[PDB]
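Residue numbers begin at 1 in each chain, while the letters A, B, ... track the order of the sequences.
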Amino acid sequence: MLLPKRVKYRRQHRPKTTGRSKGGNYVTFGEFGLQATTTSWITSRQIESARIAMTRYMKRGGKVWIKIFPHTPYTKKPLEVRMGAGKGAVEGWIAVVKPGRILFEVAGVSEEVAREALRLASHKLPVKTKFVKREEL
Amino acid sequence: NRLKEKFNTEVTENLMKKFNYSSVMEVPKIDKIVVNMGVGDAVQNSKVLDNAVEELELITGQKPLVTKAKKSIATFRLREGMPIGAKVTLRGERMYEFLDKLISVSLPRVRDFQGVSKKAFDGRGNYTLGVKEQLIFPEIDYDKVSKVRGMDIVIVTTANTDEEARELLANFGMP
Amino acid sequence: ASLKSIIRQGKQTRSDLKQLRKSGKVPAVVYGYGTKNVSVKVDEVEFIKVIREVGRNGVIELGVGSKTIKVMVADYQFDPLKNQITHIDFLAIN
Amino acid sequence: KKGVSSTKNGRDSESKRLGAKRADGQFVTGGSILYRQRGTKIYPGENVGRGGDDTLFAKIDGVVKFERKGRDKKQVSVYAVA
Amino acid sequence: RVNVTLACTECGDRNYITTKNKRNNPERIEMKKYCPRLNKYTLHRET
Amino acid sequence: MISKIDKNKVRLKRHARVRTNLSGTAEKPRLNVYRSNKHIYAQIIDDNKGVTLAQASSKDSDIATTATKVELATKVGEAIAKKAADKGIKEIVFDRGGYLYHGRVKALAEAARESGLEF
Amino acid sequence: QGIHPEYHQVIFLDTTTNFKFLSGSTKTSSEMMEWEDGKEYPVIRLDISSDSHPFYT
RNA sequence: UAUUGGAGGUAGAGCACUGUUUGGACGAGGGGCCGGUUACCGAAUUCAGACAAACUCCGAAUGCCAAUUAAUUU
RNA sequence: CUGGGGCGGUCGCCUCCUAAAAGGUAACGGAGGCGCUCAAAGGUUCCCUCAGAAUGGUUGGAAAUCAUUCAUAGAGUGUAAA
RNA sequence: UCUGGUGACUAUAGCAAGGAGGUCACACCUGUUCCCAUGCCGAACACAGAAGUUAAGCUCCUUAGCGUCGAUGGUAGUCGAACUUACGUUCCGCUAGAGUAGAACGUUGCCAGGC
């Protein structure tokens, strides 16, 4: 869950960060999950990092599903350059989250362990989150 | 005309109750046979096209057609439209006399085991056999020929599938 | 399995619809064999009790006017954040 | 002003004022262009012709009416009563 | 590819102009066209 | 395995590809032809109103007899010409159906030109 | 058809059953100008098609 | 402005196309070996998920063009 | 011209996106092409339908050609893109 | 409404599966002498026929399995307004897409013979 293997166009207009989650608002794979309540751009280094945290705690007990994939590339201009002269080069890959989106799913592990793991993941992550269970009823 | 006579006296007779059919138009009938030479490496040659062009107009009684390559293929030099192969279509009585002249020449040269052919099929009723010029020529000896290939042939029948092509292989052949 | 409901009127604006939801009421419609397209509203808290009582599928008595309609939930809407039910669809079997 | 950094995409053509040129309900004289296009976004219908540039022009005088052809195409017509 | 001028083999008039390749057609391309002087289709040749 | 087909579906695919320019008006109506394994029909039709203005066939008892099929076509054509002259139709657009203008369809056409219909 | 080459239903009158039910471009001398079979060449003179099969020898 | 008629593909949605992608079925190719087996790995085929200025089976609001025409203005 | 000059790049045409569903619309914004070619790759008349996939086989680098049912065109359209 | 032509309609029209049938119309068929038929096939195409045969193409009836059509209500978005600087809020219009019920195994003009 780091980078797209290939993209057609590599310097893309930045994403819209205003509105509500187009989809992925439900736990489909897991038992407990984690959704977001603000919006931010979530980078690959942050996802990888929240993952290590979550899965160190669960001690390789149950499964994990990352629901957010970093698709959009972003650019940064070289240091100390003036304005103009083209667009800069790719610095990282992102994937926009908006209030509602589930970011992580888990199963095959007790409820309290899952809640602790998703808590530890939440702090390595730049968006306010919430703990959710597989919606039923 | 020879096997056509046999058809209307025996095949029409026996096959009609080998499987139950109401009409006699429900009966398997052989339509034609395509005799495509296949593909010989005439990329540096252009003579072997004619070996086969003259083989087929002698083997069957009709000028063959050299269907040039469709798509451009690497490995062998087949550029878009390289002339290769030759496919004759036997529809009328010739289908019969030539078929007859196949079973009546198969055994001496084919050198086959159980039966001449087996499950060499495409699964839907067609032969796809490939003979390395063994039995094919009584008319003209192996003595006046130079290259070796497998004339590819299939079976165009009103029959449904190769399971039926076996019961019509009881048409003098060897299943 | 004896839920009741009240009928809503034409042209319920955005403000009216959103205010119902603040008073703990969810809007819904019924359809199917044996009836017509009647738009009703039910008290959410109560509906949840019936569903946990009968589950996903249940031939439920539904209170409209004076007539009770044998009805089951075709399908439903939910708000994941601010947990609250949004619109219930109902088909009658009878 | 920066320095040597340069881009390989600063080029474009001049747009062609294509699209519609008359609406449903107005009197066009014959020859009036109704819809400059490429390919066939709209085929000619009654009393309408196809230019070399896929342009659509009325054959005669009359009113103009856009309509449906099959499931997902459009044609154009002109009718003379005026 | 080169430009070509076609002249009426009867009239003489250089009436038309066009284009030919000098490798594919390395010859005086000939084509019947209208000599508006003779009011008819005479043969026209490149020169 | 191959399936033989009736020759009419193909015929009517090519038909639509010719009816594309050929459309009968009231002034210049369209003469269709429907060739069967044993018969040949013909209708004069204005497509701007969808009305058949005249008809003739090899089954029509007036024309039914014993001939070579090309020969009765020569009779279907002659009849269609007469019926049209009564209604006042001079110029027509010959629709060959989707049949090659040859043999029967040709015979019918030639016959109508040899009797009056200006096409 | 059109410019098609010669191929005639000749009498392949071989000594092994006289299977003269074939055809070909073997327009050879008719050593046996019979009538039950084609009055053409019995170009088939010796074979095992009707005599010695590996299955039915 | 009210009422009709129409061109167009944005917002939003969607994955039917070009792609970008996360899990799960399911048989199989070079190949672990002796053509091989089994793991797999390159895909075929499915079921559930998602992403897009230069994707679209779809598709607003509003703008625009014009009317047998009205009503108010200038 | 130039987010001050200089240096680097660019300059006319065509296509696409940015462009906010008519049209138009800028930046040293994001992508590519052109300075031709075709006496048939033009006109007209009459015919014909494709890529791939397996049920596969004389070759079988796999798929050359050949066979058969599906193939919405996934192919072709002289070239860039629409 | 049959049966065959020939327009018209957004596949509600279609695909499939099943069941019938020939009212002399349609096909399949049977042949190459002819007009013709080519490249590469009488296949096709053209033509000459009718011994056959409902077997298929065709037509009629069934069935929503597939495709197609598809609301109500809710939601997203948004014109205008009023707050406000919030990845906003409210009010008022308009109002999707997806999905759900359902629709639906077409209607249909003319012409000719039918009954």
Which residues share a side chain to side chain donor-acceptor pair (under 3.5 Å) with [X], sequence neighbours left out:
X        : value
B:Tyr127 : B:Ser117
D:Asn9   : D:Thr7
A:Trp93  : none

Centre-to-centre below 5.5 angstrom and planes less than 30 degrees apart, is that true for the six-membered base rings of [N] and [M]?
N     : M     : result
I:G57 : I:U58 : no
I:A73 : I:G74 : no
H:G31 : H:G32 : no
J:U33 : J:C34 : yes
J:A48 : J:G49 : yes

Pick the [atom1] atom in [N] and in [M], then give their distance to the nearest Å.
N      : M     : atom1 : result
H:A61  : H:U10 : P     : 15 Å
I:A80  : I:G76 : P     : 14 Å
H:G9   : H:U46 : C1'   : 33 Å
J:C58  : J:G4  : P     : 12 Å
J:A101 : J:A11 : P     : 25 Å

So, taking the atom named CD in E:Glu46 and the one named CD in E:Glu27, what distance separates them when rounded to the nearest 0.5 Å? 8.0 Å
Inter-residue atom distance B:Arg77.CZ - B:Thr75.OG1, 0.5 Å rounding: 7.0 Å
Of C:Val29 and G:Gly2, the one whose closest RNA chain J nucleotide lies more 5':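 The residue closer to the strand's 5' end, by nearest nucleotide, is G:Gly2.
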Between D:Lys69 and F:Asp95, which has a closest nucleotide on RNA chain J that is more 5'? F:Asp95
Is any N or O donor-acceptor pair between the side chain of [X] and the base of [N] shorter than 3.5 Å?
X        : N      : answer
E:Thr18  : I:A39  : yes
D:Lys65  : H:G6   : no
G:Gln1   : J:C41  : no
B:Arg149 : I:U58  : yes
D:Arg71  : J:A11  : yes
F:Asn32  : J:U6   : no
D:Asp12  : I:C16  : yes
F:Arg17  : I:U49  : yes
A:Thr28  : H:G49  : no
C:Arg14  : J:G77  : yes
F:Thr52  : J:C111 : no
C:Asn37  : J:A71  : yes

Pair up each side-chain donor or acceptor in residues 1-12 of chain A with any protein partner under 3.5 Å, not counting sequence neighbours, and list the distances.
residue	atom	partner	partner atom	Å
A:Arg11	NE	A:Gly88	O	2.9
A:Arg11	NH2	A:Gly88	O	3.4
A:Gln12	NE2	A:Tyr9	O	3.0

Expressed as a whole number of angstroms, how long is the span from [X]:[atom1] to [N]:[atom2]?
X       : N     : atom1 : atom2 : value
E:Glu27 : I:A39 : CD    : P     : 11 Å
F:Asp46 : J:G5  : CG    : P     : 22 Å
B:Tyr21 : J:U54 : OH    : P     : 16 Å
F:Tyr99 : J:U6  : OH    : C1'   : 12 Å

Pucker class of J:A50, from the sign of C1'-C2'-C3'-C4':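 South, since the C1'-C2'-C3'-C4' torsion of J:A50 has a negative sign.
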For H:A11, pucker side given by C1'-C2'-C3'-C4' sign: north
Non-neighbouring partners of F:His15 that pass ring-ring contact (aromatic ring centres under 6.0 Å, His included), sequence neighbours left out: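 For F:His15, no residue satisfies ring-ring contact (aromatic ring centres under 6.0 Å, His included) once neighbours in sequence are set aside.
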Less than 3.5 Å apart, any donor N or O on the side chain of A:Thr37 or A:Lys128 sitting next to an acceptor on the other? no
Given 3.5 Å as the limit, does a donor-acceptor pair link the side chain of A:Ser40 with the main chain of A:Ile42, or not? no
Going by number, which of residues 5-18 of chain A have a non-hydrogen atom under 4.0 Å from RNA chain J? A:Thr17, A:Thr18
Under 3.5 Å for both contacts, Watson-Crick or G-U wobble geometry: does that describe I:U10 with I:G43?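 I:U10/I:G43: base pair absent.
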Using a heavy-atom cut-off of 4.0 Å across all strands, would you classify F:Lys9 as base, sugar-phosphate, or nothing?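 Contact class for F:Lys9: sugar-phosphate only.
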